[PDB]
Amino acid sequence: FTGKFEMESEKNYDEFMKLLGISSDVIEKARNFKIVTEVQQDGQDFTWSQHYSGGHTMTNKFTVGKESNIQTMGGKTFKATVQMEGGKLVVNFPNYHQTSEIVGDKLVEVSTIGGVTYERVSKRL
């Protein structure tokens, strides 16, 4: 997991952001943002950073098996416990399933709400 990763592919961005309830204008404007993910793993402990276009950054620190509060780009927050399941980090909350995985030097991040699955693939730098 440790590294720096640049977003290159994503599935179902529009559907997912609509389901979150953000405006089409913000969906359209935000579409062009570059996203760089920085991860440092130290045993069970993770430091997880997302760097957006125009200087903004969001860092989340968590331990596998321990409870924590994860935050988003916009500033929304939610309680969770990150689990290691078969090389994936897995998170759960009310009507929200999220996974992160390294697949051949690529960070693949899947998020599902209802029947809408969002995927992000990011290339290692």
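All residue numbers refer to positions in the sequence shown, first residue = 1.
As listed in the deposited structure, the average C-alpha B-factor of 48 to 56 and of 70 to 78 is greater for 70 to 78. Here 79 to 87 and 25 to 33 are compared by their mean Cα B-factor, and 79 to 87 comes out higher.
Across the options 105, 10, 109, 14, the residue with the most elevated CA B-factor in the record is 105. Within the group 63, 100, 95, 40, the record's highest C-alpha temperature factor is found at 95.
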